[PDB]
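Note that the chains are named A, B, C, D, E, F, G and H in the order they appear, and that numbering of residues resets to 1 at the start of each chain.
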Amino acid sequence: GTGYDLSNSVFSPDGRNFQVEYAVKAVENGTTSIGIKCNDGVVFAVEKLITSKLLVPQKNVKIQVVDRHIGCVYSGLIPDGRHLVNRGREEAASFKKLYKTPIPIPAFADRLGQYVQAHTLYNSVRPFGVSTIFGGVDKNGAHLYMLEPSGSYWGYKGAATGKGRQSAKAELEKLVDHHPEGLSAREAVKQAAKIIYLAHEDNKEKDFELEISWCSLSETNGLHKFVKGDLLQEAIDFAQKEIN
Amino acid sequence: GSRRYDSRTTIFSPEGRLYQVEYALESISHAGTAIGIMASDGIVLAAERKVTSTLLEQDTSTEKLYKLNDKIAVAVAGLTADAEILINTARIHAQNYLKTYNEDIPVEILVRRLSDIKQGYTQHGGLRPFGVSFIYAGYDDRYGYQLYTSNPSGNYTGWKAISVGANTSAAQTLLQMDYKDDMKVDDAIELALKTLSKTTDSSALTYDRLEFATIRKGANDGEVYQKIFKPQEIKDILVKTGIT
Amino acid sequence: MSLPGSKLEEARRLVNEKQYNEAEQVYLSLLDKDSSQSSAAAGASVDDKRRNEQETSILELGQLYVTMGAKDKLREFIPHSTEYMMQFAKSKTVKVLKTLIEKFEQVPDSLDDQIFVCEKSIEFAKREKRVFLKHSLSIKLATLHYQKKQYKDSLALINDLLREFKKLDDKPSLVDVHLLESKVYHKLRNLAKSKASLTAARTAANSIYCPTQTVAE
Amino acid sequence: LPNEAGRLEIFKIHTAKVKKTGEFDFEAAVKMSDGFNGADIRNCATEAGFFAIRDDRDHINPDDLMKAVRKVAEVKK
Amino acid sequence: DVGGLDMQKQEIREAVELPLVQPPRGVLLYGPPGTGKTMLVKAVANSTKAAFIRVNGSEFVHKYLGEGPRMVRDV
Amino acid sequence: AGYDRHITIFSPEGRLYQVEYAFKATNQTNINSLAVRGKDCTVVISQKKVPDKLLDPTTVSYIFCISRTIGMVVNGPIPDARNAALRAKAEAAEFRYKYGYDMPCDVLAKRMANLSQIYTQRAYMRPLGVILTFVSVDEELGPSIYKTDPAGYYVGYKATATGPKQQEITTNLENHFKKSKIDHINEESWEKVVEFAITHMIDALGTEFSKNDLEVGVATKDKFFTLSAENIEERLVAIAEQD
Amino acid sequence: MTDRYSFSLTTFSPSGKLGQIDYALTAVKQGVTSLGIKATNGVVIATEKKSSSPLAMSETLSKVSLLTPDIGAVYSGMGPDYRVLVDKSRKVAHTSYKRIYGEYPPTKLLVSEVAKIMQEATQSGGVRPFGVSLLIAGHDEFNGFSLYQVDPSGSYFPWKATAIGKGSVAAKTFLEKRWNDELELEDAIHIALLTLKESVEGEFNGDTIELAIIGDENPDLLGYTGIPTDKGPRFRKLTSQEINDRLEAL
Amino acid sequence: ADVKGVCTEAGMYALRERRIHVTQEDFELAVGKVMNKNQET
């Protein structure tokens, strides 16, 4: 027949859920954002699109942190991931409440993928319109994960989502080749900044703001934290030079 | 959304009808013809085993005539399965009623009991009704022998005699023709058998094609005695009709 | 010895070595020996799979019984083997019993010992429960009678076999009884009859698949 | 469709015969080259060629390439 | 030469080959053809020693709607 | 009406297309995987495909260790894989907890199959479009192979494969097994058995495989585990020798 | 989430029909032809073990399954549906009967109980009827041997013998031909072999075929000794050997 | 109608028997041959 898409849990005649696939639509539409696992740790980079001067700088913050070691960022409908994020914040809490440890990134990774996939399991459950790049330093190093409304996430040497991901995925692939060694968080900070501007070239039509956060076994000790001030401004001009 | 999938069972016809109820009734037309009669001295129960065969085992088989109590047994027009549900329930209900009052249930109470139960699906739940209607044969203190009926709608009446399943109008005609108030069971027996043989859609009316029972206060009695006839007994009385 | 292979194999060897008759001391012992379990299906020893394998001898050993004429031994034992596959499986009887006797129809036998034992086990069907293709045996018995040229015996049996096979018993067999019956008629030179029977068969034969032999016949 | 091998096979066949650097990224493209056909492989070349004429390349450079590759892996698989 | 068609082989034979000597005017082969099915014909047509005529419904497609059946008769 | 397509209810033909469509999402990930009982052991070989550098390849697996003893490989959407594995993982411990001993492999499959069977019958539940493959060395059964479908249907296997070309691999082994007449590989060392399979994997796929190319897992007595790329390559070494 | 299909999924046709059931019957008819025969001394059921691949190990799939030492079941239809019903059937038997009465229910009630389930599927929302019908044979003390046939209608009735699945019509045809009252199981066993042979297309043998009986109690199978009252299960499953043994007896 | 087929086969027999003279026996076969078909599909 037809209209298989018209209800979530339905399998398409080819066995697919177009709703999720449609949810994927706005995901791309979601603000381009990336993440990087550097040598010790991970870095989370996202463009903050400036809609207007009435927006107050730095105030509306995209990247969200789970526990204290896990940052998360997503292209898509903000309230979605937020809603999800809270659940993750719940998850780790329960996890840590039970396990006394902060949660391993992959552990944390898994739990969500279920909860997302749960929203693939019912025609009444609206899949998620977001894909979160997320991770942090954990017991064993860091990890870099981006979870799809499909309920699929993976380990990522680098990760990107939203519009400009291609420009990103380009640059990420490069740095992989530029630095199969690894990367210093600092350069991880710096390079992402360039990538973002480059990624912004798709959305170049409007001005934006740049938000980048990171989790460094070294620099944040394994905490997850924002890039701020000079170091933030550094990568900016570092990129703002390199963009030219 | 779930809405797509609801047949919306209980919704009214624009004419204020319930087609499921209508259609349930319709399947009952397809149900094996079942007849019952309240004689002066008793109540007769005869129904056609429908869809029969050689290796079909008759003796244990009862697909139609079931005993709720020793003062209440019933003939079933409809899905064998569905009734057995209600059959069991009513028994309990009666048993409860018995266990409540240490006294047998006046039949209608049990009847009306099932009546609204059917009606339960009628007015709520989005649940298909039962495709079953019943001949309610019972003896009470109050009215003595009582011959009731029910429809999936739960609407129900008393009868001096009644038929259900196929050929009802035909039977009803024959019944409403040949019946007379003072008829003795054995008359009604053959009378039904007469009506049966005639209203029989198959060639011959034969025991192996029939279920038969009676409610009678015996000659040595004070215990109004229900009896289901054995195939031979049916076959025997089958001869006594001259039907042979 | 003592082993399902060994003795049987010895009984097989002592044939391969020399003969069944030496091997019979093992063969007889096969029946006399080898198992701790199940039923006494061996006529002496109590066994299950062994007897089946003792039969494996008793097949050969039967044609060796024949090669002895201890078919005459086995003749009477053929009743016992019946009870012995009754000590195992009544159907397995019907297989092996028939098998054996047919193998005694092989390795040339007097019609008698066949008839004699057939007629035995034919009844030994009934005595057990079996109305069931004792006629098949009886067919052969009739065939024996046919080979005995007892067509009276045959046809009389046959007509029963017929009335049996007339859908009181098998149509596929009912095909073949005609064939024998036809031959019977044919040896009696009753042509239409033989024809009819063959014809009825042949037409009825088309309803199923028939033995290529039968088909060829 | 050609396997990752078959692709890489066809890759260095259809593609590399267009003038290209060794800088031009041979397997990693193939790595990102998945569910392509023989002409899709050519598209991969042809697409980078856009970037080539966009980067002024007779020899395709890895720059031209994997932009295309994803871009090739973009529209469909 | 497609093995085992006897009943069908006899059937055609029953259908045509025999009545050619001695009743149907026409016979229908049904199934996938050229499977041996069409091969039935030629094989039959071979033995038959009569003037064979193959025809294709897929042949009568000439604009000249004037001729059409004309030899379809005379053929 | 035509919603029967959309939901799980008998077609006019008595069919569940959501199920049959879920059978699509099975090979959707396009991984040809296999499982063979070795002599003492059982080995699963599968395609490990990495489309992207930016991925972590190591994070990519459809072979999941359900228990100490039981590993499982999945064919279908990774989320359902990530979903189903946990479900299984929940069972064994609880089975182990409830029943004092680790769940024998089939039981899991039998258990898991029910869920699909539930999803099969339940409407609001969609089934999962993954086919599951359960092997381990069962203390009672030694090597054992069990594969479940979205239908809740499953069976034991002398050996089995899964994927788009599963059909051919099936043939190859059938031929081989008919040739061998034996249900399991005679090879004692799964090492060989791995190489054996990879051979027949390479064979029936006509495709050579590098260390990254393959996802591999090893069912051993009391333990399931998965090989490294080295172990893979190690096997890849010797196969290059025999072949 | 939160199943909002609470509404009966199968609804009475304008013609007063339940299509899913009908389609279940359709699917049931599609089922592998499977039979049962109630003889004098007992009852036998039979079906062809279906191999969708020789790599698969047939025995690992059991279409016949004991419900009680005197009761076992078989189906024609979707294996999985049959699978879960077995457990419930097994369970409800213990719970609703044994865990009450300390024993194994008379064939009818369990059957009556089982069918109850299948009905529920037909009626309650969110669920579809099962893709099988059931040939169920059991011996009880009072009703002795009995053989039942349950549909997705949840309807059930006894048989002298019967078959379900595809060739069942042809089977039942030949069954009626063959069947008599006085058939002893072994002949009936043999009969079933004959009968199912027709429904059998590919290889016919104990490895292709699944046979079991309701027989006399089997103290060996009782797994222990010392209890006079319990002489063991009447049910048993038949070995390919025993099968192929009697397939010689064909 | 089925009767006709019987007759035809009787002749078909007889024709195959090379007979414009049909016995009863032929019919008696066609019965089956038709009741073959009658029992067939």
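Rule of thumb we're sticking to: a residue touches a chain if its C-beta (ideal position, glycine included) is under 8 Å from a C-beta of that chain, and two chains touch if they have at least 3 such contacts.
A.B. asks: By that same contact rule, can you tell me which chains touch chain D and chain F alike?
C.D. replies: Common neighbours, chain D/chain F: A.
A.B. asks: Could you work out how many touching-chain steps separate chain A from chain F at minimum?
C.D. replies: The fewest steps needed to get from chain A to chain F is 1.
A.B. asks: Report the chain whose CA-based centre is farthest from the CA-based centre of chain F.
C.D. replies: So the farthest one, by centre of C-alpha atoms, is H.
A.B. asks: From the Cα centroids, identify the chain that ends up most central relative to all protein Cα atoms.
C.D. replies: G
A.B. asks: Pick the pair with more C-beta contacts: C-H or B-G?
C.D. replies: Ranking C-H and B-G by C-beta contacts puts B-G first.
A.B. asks: Taking each chain's centre as its mean C-alpha position, how far apart are chain C and chain G in Å?
C.D. replies: One centre to the other, that is 35 Å.
A.B. asks: What whole-Å value do you get for the distance between chain C and chain F if each is reduced to the mean of its CA atoms?
C.D. replies: Spacing between the chain centres: roughly 52 Å.
A.B. asks: Please compute the C-alpha centroid of chain B, do the same for chain F, then give the distance between them in whole Å.
C.D. replies: 55
A.B. asks: Per the centroid of Cα atoms for each chain, what is the distance between chain E and chain H, given in Å?
C.D. replies: Whole-Å distance between the two chain centres: 25.
A.B. asks: Multi-chain contacts in chain C: which residues touch at least two other chains?
C.D. replies: none
A.B. asks: Could you list which residues of chain G touch at least two other chains?
C.D. replies: 1, 4-5, 9-10, 125
A.B. asks: Spell out the part of chain F that touches chain B in their complex, as residue ranges.
C.D. replies: For chain F paired with chain B, touching residues are 3, 6-7, 123-124.
A.B. asks: So in the complex, the part of chain D that touches chain A is made up of which residues?
C.D. replies: Residue list for chain D touching chain A: 25, 28, 32, 66-67, 70-71, 74.
A.B. asks: Under the stated contact criterion, what part of chain G meets chain C in this complex?
C.D. replies: 177, 184, 186-187, 189-190, 242, 245-246, 248-250
A.B. asks: What residues of chain D sit close enough to touch chain F in their complex?
C.D. replies: These residues of chain D touch chain F: 3-5, 28, 31-32, 34, 73.
A.B. asks: Residues of chain A touching chain B in their complex?
C.D. replies: Residues 6-7, 123-124 of chain A touch chain B in their complex.
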